[PDB]
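# Summary of structural features
Listed below, chain by chain, are the residues.
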Amino acid sequence: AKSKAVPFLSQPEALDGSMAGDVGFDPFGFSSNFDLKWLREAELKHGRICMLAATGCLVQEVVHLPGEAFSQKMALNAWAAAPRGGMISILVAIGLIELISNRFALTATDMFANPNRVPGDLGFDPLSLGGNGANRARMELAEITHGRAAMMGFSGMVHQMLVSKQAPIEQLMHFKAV
Amino acid sequence: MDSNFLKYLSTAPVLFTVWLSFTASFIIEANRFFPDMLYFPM
Amino acid sequence: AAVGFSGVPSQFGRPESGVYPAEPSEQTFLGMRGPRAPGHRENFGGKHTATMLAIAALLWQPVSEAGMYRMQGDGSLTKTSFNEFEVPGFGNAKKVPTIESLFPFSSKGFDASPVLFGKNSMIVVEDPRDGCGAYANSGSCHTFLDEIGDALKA
Amino acid sequence: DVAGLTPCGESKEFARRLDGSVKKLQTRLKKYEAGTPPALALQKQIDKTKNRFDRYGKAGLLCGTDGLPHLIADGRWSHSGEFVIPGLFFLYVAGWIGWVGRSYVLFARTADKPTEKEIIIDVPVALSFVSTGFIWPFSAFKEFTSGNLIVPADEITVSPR
Amino acid sequence: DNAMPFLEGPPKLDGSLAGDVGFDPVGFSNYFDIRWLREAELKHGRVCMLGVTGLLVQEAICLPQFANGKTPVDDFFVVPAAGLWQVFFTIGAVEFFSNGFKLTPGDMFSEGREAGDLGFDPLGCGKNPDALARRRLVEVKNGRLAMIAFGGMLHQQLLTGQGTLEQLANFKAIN
Amino acid sequence: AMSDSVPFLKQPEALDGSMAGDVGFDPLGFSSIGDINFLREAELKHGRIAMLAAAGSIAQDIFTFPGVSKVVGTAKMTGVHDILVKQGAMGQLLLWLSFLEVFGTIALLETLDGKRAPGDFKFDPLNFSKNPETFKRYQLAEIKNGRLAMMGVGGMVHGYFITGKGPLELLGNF
Amino acid sequence: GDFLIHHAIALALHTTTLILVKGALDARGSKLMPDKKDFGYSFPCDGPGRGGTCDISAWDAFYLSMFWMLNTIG
Amino acid sequence: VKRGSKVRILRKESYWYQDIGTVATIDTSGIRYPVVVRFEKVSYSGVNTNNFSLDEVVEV
Amino acid sequence: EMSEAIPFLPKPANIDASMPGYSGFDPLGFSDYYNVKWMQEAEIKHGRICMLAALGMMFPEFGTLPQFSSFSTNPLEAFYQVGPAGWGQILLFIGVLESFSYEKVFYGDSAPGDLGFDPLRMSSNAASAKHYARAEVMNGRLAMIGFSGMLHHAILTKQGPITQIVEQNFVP
Ligand code: CLA
Ligand code: CLA
Ligand code: CLA
Ligand code: CLA
Ligand SMILES: CC1=C(C#C/C(C)=C/C=C/C(C)=C/C=C/C=C(C)/C=C/C=C(\C)C#CC2=C(C)C[C@@H](O)CC2(C)C)C(C)(C)C[C@H](O)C1
Ligand SMILES: CC1=C(C#C/C(C)=C/C=C/C(C)=C/C=C/C=C(C)/C=C/C=C(\C)C#CC2=C(C)C[C@@H](O)CC2(C)C)C(C)(C)C[C@H](O)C1
Ligand SMILES: CC1=C(C#C\C(C)=C/C=C/C(C)=C/C=C/C=C(C)/C=C/C=C(\C)C#CC2=C(C)C[C@@H](O)CC2(C)C)C(C)(C)C[C@H](O)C1
């Protein structure tokens, strides 16, 4: 009857170990006030964006496109130095991807209107790597763990870049205490 | 948290005051960090 | 009665659709899982997409090096842009749109290649480790491990 | 330039306004010792005044003979950021507010006691609604074209003519 | 036999048409009508057979009305523009009248007409069926061969800046 | 139900022993994620390309074709690549191998359907595999030599990155 | 300043028109008083019932619009 | 119309004209306005039910 | 039954395959509110005007009429360079043409787009008529997009489409 992650708190209702990464961790009662499907879809989206974002924050320092506008090792400098029409194109393309991938059901009243729509299941499997039944739960656990780790890592990387004015790897190689 | 206290917190004057203070704080902090915006810079 | 962020319109008094299609399991290589017309995943499934991507990558190679190559007296080749190709019979429009209008690499200063990235547009790789080590460095390289060690030894 | 106005970065009366404001703050600065908190506050006010006048002078704003920026709102694209783009920002936010309020009213009509929903807000449902408002023009237009926004005239109460 | 043994046979290629060795790896016949594809193949091949002959003849023979260019491709750019437009509109008239003013894939074969058969057989030549089949095979094979040949001759004439037989002798190489 | 190659690990379920070179070696379970037909097609393509590259590195150490020494000079291994990119050789090679790989893509998708064995292009113009037993022996030899040549060409090009010699010059000079 | 004072004038004209037009068009009746035409153009009220009916006649709309007319000419 | 049906009001002077009420009782005696209709919206006097004739009432 | 342009949406109710340019595309549901035949006539007219307009943004770059040879090849300058008399004659001719459209649309029951202009009788063949009916709407929509592009590009560059292409003036 007690939460496994937080043993001095009672087990949150609507958390019953069914979803991947469920360790009964909801001390603030978000799942008692909001639906778990929207929360899982949001968690997967924040985590996937942070997976791409942490991988970018490490890789863009080491590898660049040719040109002066793509030569910033620090990612917050690359936000400003990159061509503006390209980044606006990125914004518009992300908007179109969000529009079509959710099949015109984008909001808190119409996404999951179809009963077949599963949280975080946009239908995305380009190489069909999910063709294995007993692999599925371990795959979803690995995806959500990578997403949570990526959220914490990218949050830290951005704010440490703000503190140090250094790209992450070269901050680790040229470290200066505050 | 007591459900009756949450229901009191959900009343129209409390939520009105909290939402308008939250909006005012957005306008105040935006004008603190980006003052004197007579125009949209283009 | 209406859980927050449930996303069911009938719980929010929103106009629903009623007709909710079943989700098929058929997958496309560069497409998305979802309801399609009959015949669709058999005509434009993964085979069609992969074949068209292969054909597009093949046809990119003459398009990437697009230009009028002219042999000189010494056997060398002079590449000049298709924008200088003039046509005899369209009035005052001697210059006409060409394949380089659709793919203007030189207008953006992009040295295109048949493998996209060219010699004067090469991907830049540089080692961030600055030629020093993880620990015990004496010079202009003070790592986080060195900071930990100096903090402990003080 | 437009309507006989001059750009603010070359208007001498704009410079006179800036000089007068800086002098008015500096004569207050003169009565305080350097390093005192009133001196730092007054110098920060001087810096803010200088930065504001510089930014207004480099923005393409037009100044009249009074020496103050004059906004152009006839639709020309060289002054679209003075009324048109703030107008689009307002219209987006206002349509958001109207759409989410209408959605909450229509939800509250379905409740057991609608008036209790009006005075005691269902906060999770209201937060769901205020999340829905980012796509309000397309949602409102689809609501309109499906006959779900406008109600016919024979279903609205009217007074005797 | 199949041209590509490691792929399965294209189902819409039944071997009835002349030149069918089973060669459709992309599967163009799975999407488009085979009559339209055959009409296009014969038209591309016939235009290329005439084009190969023109590239070989304009290298040596120039009518005295015109003034020859250095290469048969350069020959295009020395003609008066009105003459090229006359040729283009005459070809358009031939395309309109030979198809019965039915020029689109939705109406070209509405009357059940044979692909590539425009009823142009002036000099006899079409009474023996046993010769008709073999000449169908020869026509389609020489059409494809002249397609590839015309592509080669035009691109090589553009590159070297000299004629076809003028490049077959005194051949220089890219350096 | 344990792996023969790695006896303390389970036999992977996508591995069965039918394919040539199957010793139950997939400890990280890559065959559980990808298709085994895609993986075998990729392994055969990497192996055949590496066999050709290994033999090419050996022979390009041994000799050169007429005229290549003028264009190239004293450049060996990957150092010729950029030069032959400024020249027309690598573009022509890429064009014709891309043309072959279009039908390779169609063949791979045919295999993913299940109508074609992975790496089976039916290219036996000399009829070497008449008997099925000789076919099995040649299949095992092909997959073993392909894996060996993958390792070999990796070693050769990284030894060139270290010393700039060439695979046969490095043997004759430390 | 001319811009602002003409838009203030536009406000005052539209508001006086609102009072006067609302008085003329509700003169025959409203939801609060559907038989107003039986009571004439000018009458004090219809009593404190139905929530209270102070200044409900069209004459009262004239009376309210007089202040707005004085404001706009001012 | 019958008891429990949802009806629209056609009496012009009514507060609930062209609005929807629920029929609570239809009187069978010779009453001028025998249809009792109950409304969810209160009028200005605070009442929420009224009697109507048959011709002032249309079933929806 | 699903829409064929957008396969995850239901098919719009008031547009059918009998309409020549049908693709099942009405995500905003215009056909559910407005008069569908009015929208068909309007789409056909907007498309026909844009077909003429997309040809006429390009054609003065090839050649001009000899009386208009001094007129600019930028369409937005040549719009002004024509006097009020020539534009008045053009407007009068358009009004004469639109009188027939007025009569047919507000007082007749013909097919959408049918002003009775088929002198060559190219719709006599049924399959040809179906192809032409779809192709008119298709090229009309394409010309709508193309003229929109040409107009805003001519705003940006102050030159015609061919001239901007061959000068490669692609950046504002
Ligand atoms: C009805 C039959 C007919 C007639 C009367 C003509 C008449 C002419 N042709 Mg011609 N032609 C025809 C059929 C015909 N063609 C056909 C069927 C073909 C294709 C096989 C050609 C292919 C052809 C070529 C390739 C050339 C001509 C040229 C010419 C012109 C030569 C004189 C010149 O240069 O001064 C005229 C000089 C000018 C500057 C005036 C411009 C030319 C005008 C527009 C000619 C008008 C022709 C008229 C419309 C009839 C053509 C019918 C059409 C279906 C082809 C002359 C007017 C030559 C030409 O145009 O040179 C310029 C040229 O090079 N013709
Ligand atoms: C959160 C993701 C994210 C964001 C916002 C950026 C943003 C940026 N990157 Mg970056 N990048 C990322 C991830 C990201 N990166 C990752 C994961 C990699 C490794 C592959 C890179 C590698 C990279 C290089 C090598 C360079 C940049 C550069 C840049 C800058 C210019 C834009 C550009 O050329 O992109 C280039 C983008 C790529 C090469 C790869 C982006 C692929 C992303 C992850 C999209 C894939 C997911 C996509 C949405 C499909 C999912 C749809 C499905 C969910 C329905 C810009 C500040 C340039 C720069 O300024 O240098 C510092 C540059 O030279 N990026
Ligand atoms: C759900 C919110 C909502 C919506 C969509 C509308 C919509 C409308 N109102 Mg209305 N109104 C509202 C609330 C709302 N009203 C409230 C609360 C009041 C009392 C102050 C009024 C007082 C009012 C008057 C006096 C007039 C209108 C008018 C109008 C119309 C024109 C728009 C306008 O003038 O806006 C302007 C609206 C206001 C100035 C008042 C809005 C007050 C707040 C900002 C909106 C409420 C937000 C709400 C708290 C959201 C909660 C949602 C949350 C629980 C999820 C339009 C039909 C006008 C009309 O008839 O035009 C034809 C008119 O003359 N309204
Ligand atoms: C029939 C098809 C065909 C055609 C028309 C061409 C045309 C050309 N190739 Mg080419 N090529 C082809 C197929 C073809 N290739 C194939 C299948 C391959 C292998 C993938 C190559 C590999 C290749 C390379 C590496 C080079 C060319 C080059 C050239 C250009 C030489 C121009 C010149 O003056 O040389 C005229 C030369 C001759 C007339 C004599 C050449 C005779 C050679 C030496 C015989 C080679 C025999 C060879 C071993 C057999 C191939 C079998 C192989 C598949 C196993 C020209 C554009 C060169 C280039 O771009 O330079 C600018 C270049 O360096 N090609
Ligand atoms: C089937 C098909 C055809 C066939 C065909 C094709 C042409 C088959 C021909 C194939 C050849 C290319 C096989 C190549 C093997 C290469 C070896 C394994 C790599 C060894 C590397 C190791 C030893 C090493 C290295 C080492 C290290 C790393 C670095 C160096 O310093 C030293 C050193 C070099 C020692 C034919 C024509 C028969 C017809 C048939 O009908 C159909
Ligand atoms: C009625 C009928 C007939 C009649 C008839 C009439 C005469 C029919 C003839 C009609 C013409 C006017 C049709 C024109 C279509 C123009 C569009 C499709 C081209 C759009 C270009 C777009 C794609 C673009 C552009 C692009 C822009 C944006 C950016 C550029 O950088 C690039 C690019 C240039 C590519 C006749 C007489 C036969 C009789 C019959 O009995 C009845
Ligand atoms: C779905 C699947 C697709 C796939 C896909 C995608 C491409 C898969 C890629 C997923 C990738 C992007 C995973 C990214 C993980 C990054 C996370 C774990 C970590 C950050 C590390 C943290 C701890 C840190 C940091 C730290 C910070 C805080 C402080 C610093 O001082 C130190 C340090 C830097 C160490 C494909 C396309 C293949 C198709 C297939 O059919 C279906």
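For every chain, the first residue of the written sequence is numbered 1, i.e. counting runs from 1 onward, and this need not coincide with the entry's numbering; residues without coordinates are not included. Ligands are numbered from 1 and chains lettered from A, in the order in which they are written. Note that the chains on view sit within a larger assembly, with every value limited to the chains on view. Hydrogens and water molecules were not included; the side-chain quantities draw on all heavy atoms of the structure. Residues with missing side-chain atoms are left out of burial classes, side-chain pairs and their counts.

This entry, as listed in the PDB, derives from cryo-EM and reports a resolution of 2.08 Å.

## Here's the deal with the interface of chain A and chain C
In this description, contact between two residues means that some pair of their heavy atoms is separated by no more than 4.5 Å. On the chain C side, the residues contacting the 36 residues of chain A number 38 residues. Once two parts are joined, some of their accessible surface, as seen by a 1.4 Å probe, is lost; buried area is that loss totalled over both. Across the interface of chain A and chain C, roughly 3,100 Å² is buried in total on both sides, 59% from carbon and sulfur atoms. Looking only at chain A, the three residues that lose the most surface to chain C are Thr109(A), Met173(A) and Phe175(A), adding up to 19% of its buried area. Just to be clear on terms, a salt bridge is a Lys or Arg side-chain nitrogen sitting within 4 Å of an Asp or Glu carboxyl oxygen. Where chain A touches chain C, the interface holds 3 salt bridges. Among the salt bridges present, the one from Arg103(A) reaches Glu23(C), with a minimum N-O distance of 2.5 Å. A 3.5 Å cut-off defines polar contacts: any pair of N or O atoms within that distance qualifies, except that in protein one atom must be a possible hydrogen donor and the other a possible acceptor, and neighbouring residues in sequence count only when both atoms are side-chain atoms. At the boundary of chain A with chain C, the tally comes to 16 residue pairs in polar contact. Within the residue set of the side of chain A that touches chain C, elements represented by two or more residues are α2 (36-62), β1 (63-64) and α6 (168-173) of chain A. Each residue receives one of three labels: charged for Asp, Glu, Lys and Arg, nonpolar for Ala, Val, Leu, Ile, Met, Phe, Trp, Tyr, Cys and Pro, and polar for the others, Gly being one of them. Along the lines of polarity and charge, the residues of the side of chain A that touches chain C split into 20 nonpolar, 8 polar and 8 charged. Any two strands with at least two DSSP bridges between them are considered paired. Helix and strand definitions follow DSSP, with helices as H or I runs of at least four residues and strands as E runs of at least two, each counted in order from the N terminus. Inspection of the sheet shows β1(A) paired to strand β5 (residues 124-125) of chain C by 2 bridges, in the antiparallel sense. What sits directly across from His64(A), in β5(C), is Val124(C).

## Notes on the coordination of the magnesium atom of ligand 1
Note: metal donors comprise N, O and S atoms at 2.8 Å or less from the metal (3.2 Å for Na, K and Ca); water molecules are not included, so apparent gaps in a site are possible. In this structure the magnesium atom of ligand 1 is ligated by exactly one protein donor, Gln86(E) (OE1), at 2.2 Å. Considering the arrangement of structural elements, one finds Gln86(E) in helix α2 (residues 81-98).

## Details of the nonpolar core
To define a nonpolar core, start from buried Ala, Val, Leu, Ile, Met, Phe, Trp, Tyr and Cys residues and group those joined through side-chain atoms within 4.5 Å. Buried, partly exposed and exposed residues are distinguished by accessible area as a fraction of the type maximum, computed with a 1.4 Å probe on protein chains only: under 20%, between the cut-offs, and over 50%, respectively. In this structure, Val7(H), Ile9(H), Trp16(H), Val23(H), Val35(H), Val37(H), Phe39(H), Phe52(H) and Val57(H) together form the largest nonpolar core, which totals 9 residues. Other than its neighbours up to four places away in sequence, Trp16(H) contacts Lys31(G), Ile9(H), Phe39(H), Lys41(H), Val42(H), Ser43(H), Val47(H), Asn48(H), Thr49(H) and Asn50(H). The next biggest cluster of nonpolar side chains, apart from the first, holds 8 residues, and it includes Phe107(D), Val125(D), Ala126(D) and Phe129(D).

## Observations concerning the coordination of the magnesium atom of ligand 2
Each donor-metal-donor angle in an ideal tetrahedron of four donors is 109.5 degrees, and each such angle in an ideal octahedron of six donors is either 90 or 180 degrees. The protein gives the magnesium atom of ligand 2 a lone donor atom, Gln60(A) (OE1), placed 2.6 Å from the metal. Within the secondary structure layout, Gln60(A) lies in helix α2.

## Let's talk about the pattern of salt bridges
Applying the stated criterion across every chain yields a total of 45 salt bridges over all chains. Linked by salt bridges that have partners in common, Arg103(A), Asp121(A), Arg136(A), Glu140(A), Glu23(C) and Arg33(C) make up one network.

## Brief notes about the sheet that holds strand β1 (residues 6-7) of chain D
Taken in spatial order, the 3 strands of this open sheet run β1-β2-β3 (chain D), and their pairing is antiparallel. In this open sheet, the two edge strands, each paired with only one partner strand, are β1 and β3 (69-70) of chain D.

## Description of the site of ligand 7
All names here are of chain A. Residues are labelled near a given molecule or strand when at least one of their non-hydrogen atoms is within 4 Å of it. Around ligand 7, the structure places 15 residues, and the nearest of them are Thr-55, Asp-125, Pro-126, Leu-127 and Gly-153. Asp-125 places a side-chain nitrogen or oxygen 3.1 Å from an oxygen atom of ligand 7. Interatomic distance of 3.3 Å between a backbone N/O atom of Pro-126 and an oxygen atom of ligand 7. For the area figures, the Shrake-Rupley method with a 1.4 Å probe applies, and any residue is considered shielded solely by the protein chains shown. Coverage of ligand 7 by the protein chains reaches 56% of its 1,000 Å² of free accessible surface. Looking at the shell around ligand 7, the elements that each hand over two or more residues are α2 and α5 (135-164). Of the residues forming the shell around ligand 7, the biggest block, 5 residues, is contributed by α5. Taken together, the residues of the shell around ligand 7 break down into 9 nonpolar, 5 polar and 1 charged.

## A look at the site of ligand 3
All names here are of chain D. Surveying the vicinity of ligand 3 reveals the residues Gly-98, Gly-101, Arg-102, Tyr-104, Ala-126 and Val-130. Mapped by element, the contributors of at least two residues to the shell around ligand 3 are α3 (84-108) and α5 (123-132). With 4 residues, α3 is the largest single contributor of residues to the shell around ligand 3. Among the residues making up the shell around ligand 3, the classes are represented as 3 nonpolar, 2 polar and 1 charged.

## Regarding the pairing of strand β3 (residues 35-38) of chain H
Residue and element names in this part refer to chain H. By the alternation rule, side chains of β3 split into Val-35 and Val-37, which are all buried, and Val-36 and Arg-38, of which none is buried. Examined bridge by bridge, strand β2 (residues 20-26) and β3 share 4 bridges and lie antiparallel to one another. When the sheet's bridge partners are listed, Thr-25 is paired in β3 with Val-36.

## Here's the deal with the sheet that holds strand β4 (residues 49-52) of chain H
All names here are of chain H. With antiparallel pairing, 5 strands are arranged side by side in an open sheet as β4-β3-β2-β1-β5. Every interior strand has two partners, whereas the edge strands, β4 and β5 (57-59), have only one. Adjacent strand axes in the sheet meet at a mean angle of 45° when their direction is disregarded. Structural elements are reduced to axes, namely lines fitted to C-alpha atoms, with helices fitted over the stretch in contact, and the angle between N-to-C directions of any two is expressed from 0 to 180 degrees.

## Concerning the packing of helix α1 (residues 2-25) of chain G against helix α2 (residues 58-73) of chain G
All names here are of chain G. Axis separation between α1 and α2 bottoms out at 8 Å; the angle between their running directions is 170°. In terms of orientation, α1 lies roughly antiparallel with respect to α2. Residues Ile-9, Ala-12, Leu-13, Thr-15, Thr-16, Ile-19, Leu-20 and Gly-23 of α1 form the contact with α2, whose participating residues are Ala-58, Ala-61, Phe-62, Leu-64, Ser-65, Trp-68, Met-69 and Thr-72. Its residues assigned to classes, the contact of α1 with α2 shows 11 nonpolar, 5 polar and no charged. To sort the angles, those under 35 degrees are grouped as roughly parallel, those over 145 as roughly antiparallel, those from 65 to 115 as roughly perpendicular, and the leftovers as oblique.

## Description of the side chain of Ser6(C)
Within the element layout of this structure, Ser6(C) appears in the segment before α1 (40-43). According to the relative accessible area criterion, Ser6(C) is buried, its value standing at 4%. Within polar-contact distance, the side chain of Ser6(C) engages the side chain of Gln11(C) at 3.1 Å. Leaving out residues up to four positions away in the same chain, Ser6(C) has contacts with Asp35(A), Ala108(A), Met111(A), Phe112(A), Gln11(C) and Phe12(C).

## Concerning the arrangement of the chains
Take the 15 pairs of chains in contact: the one carrying the most contacts is chains A and C. Nothing in chain B touches chain G, and the closest approach of their C-alpha atoms is 17 Å. Chain H makes no contact with chain F, the minimum C-alpha separation between the two being 59 Å.

## Points about unusual backbone geometry
Unusually for a residue other than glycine, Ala14(A) sits at a positive phi of about 70°. Note that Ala14(A) resides in the segment before α1 (30-33). Of note in this structure, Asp55(G) is not a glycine but carries a positive phi near 60°. Mapped onto the fold, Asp55(G) is located in the loop between α1 and α2.

## Observations concerning the packing of aromatic side chains
Each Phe, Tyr or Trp ring (for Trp, its six-membered ring) is paired with any other whose centre lies within 6.5 Å, and the angle between the two planes then decides the class: stacked below 30 degrees, edge-to-face above 60, tilted in between. Following the criterion strictly, the structure yields 60 aromatic pairs over all chains and no others. With centroids separated by 5.7 Å and ring planes inclined at 65°, the aromatic side chains of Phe88(E) and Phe89(E) adopt a geometry described as edge-to-face. Both residues of the pair, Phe88(E) and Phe89(E), belong to the exposed class. Among the aromatic residues, ring-to-ring pairing joins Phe90(C), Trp85(E), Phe88(E), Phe89(E), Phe59(I) and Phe62(I) into one connected group. For a ring to carry a charge above it, either NZ of a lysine or CZ of an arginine must fall within 6 Å of the ring centroid while also lying within 35 degrees of the normal to the ring plane. Lying over the aromatic face of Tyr138(F), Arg137(F) brings its terminal NZ or CZ to 5.3 Å of the ring centre. One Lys or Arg, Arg11(H), reaches over the ring of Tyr33(H) and ends 5.0 Å from the middle of that ring.

## Considerations on a nonpolar patch on the surface
Residue and element names in this part refer to chain I. In this scheme, patches are assembled from residues that exceed 30% relative accessible area and form no salt bridge. Like charges are connected within 9 Å, while nonpolar side chains (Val, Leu, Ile, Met, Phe, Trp, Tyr) are connected within 5 Å. Together, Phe-79, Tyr-80, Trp-87, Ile-90, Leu-91, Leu-92, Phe-93, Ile-94, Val-96, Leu-97, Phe-100 and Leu-115 give the surface a local cluster of nonpolar side chains, amounting to about 1,200 Å² of exposed area. Within the residue set of the nonpolar patch, elements represented by two or more residues are α3 (75-81) and α4 (84-107). The biggest single contributor to the nonpolar patch is α4, with 9 residues. Position of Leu-115 among the secondary structure elements: in the loop between α4 and α5 (126-157).

## Side note on the state of the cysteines
Residue and element names in this part refer to chain C. Criterion for a disulfide: a pair of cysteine sulfur atoms within 2.5 Å. Applying the stated rule across the entire model yields 2 disulfides over all chains. The disulfide bridge from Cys-132 ends at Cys-141, spanning 2.0 Å between sulfur atoms. Between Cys-132 and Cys-141, the disulfide has an S-S torsion of 60° and is therefore right-handed. Given the relative accessible area of 7%, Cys-141 is considered buried.

## Here we look at the packing of helix α1 (residues 36-62) of chain F against helix α5 (residues 132-163) of chain F
All names here are of chain F. Remark: α1 packs on α5, axes separated minimally by 7 Å, with the N-to-C direction vectors making an angle of 55°. Here α1 lies oblique to α5, going by the angle between them. Where α1 crosses over α5, the two elements pack in a sense that is left-handed. Counted together, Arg-40, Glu-43, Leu-44, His-46, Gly-47, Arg-48, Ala-50, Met-51, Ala-53, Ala-54, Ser-57 and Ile-58 of α1 and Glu-142, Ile-143, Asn-145, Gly-146, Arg-147, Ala-149, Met-150, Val-153 and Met-156 of α5 form the full contact between these two elements. Here a crossing is called left-handed whenever its near helix is offset anticlockwise from the far helix by less than a right angle, and right-handed whenever the offset is clockwise.

## Thoughts on α2(E)
Expected helix span is computed as 1.5 Å times (number of residues minus one). Given a rise of 1.5 Å per residue, 18 residues ought to cover 26 Å, and the 26 Å separating the end C-alpha atoms of α2(E) matches this to within 8%. Looking at the residues trailing α2(E), positive phi occurs at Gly100(E), about 65°.

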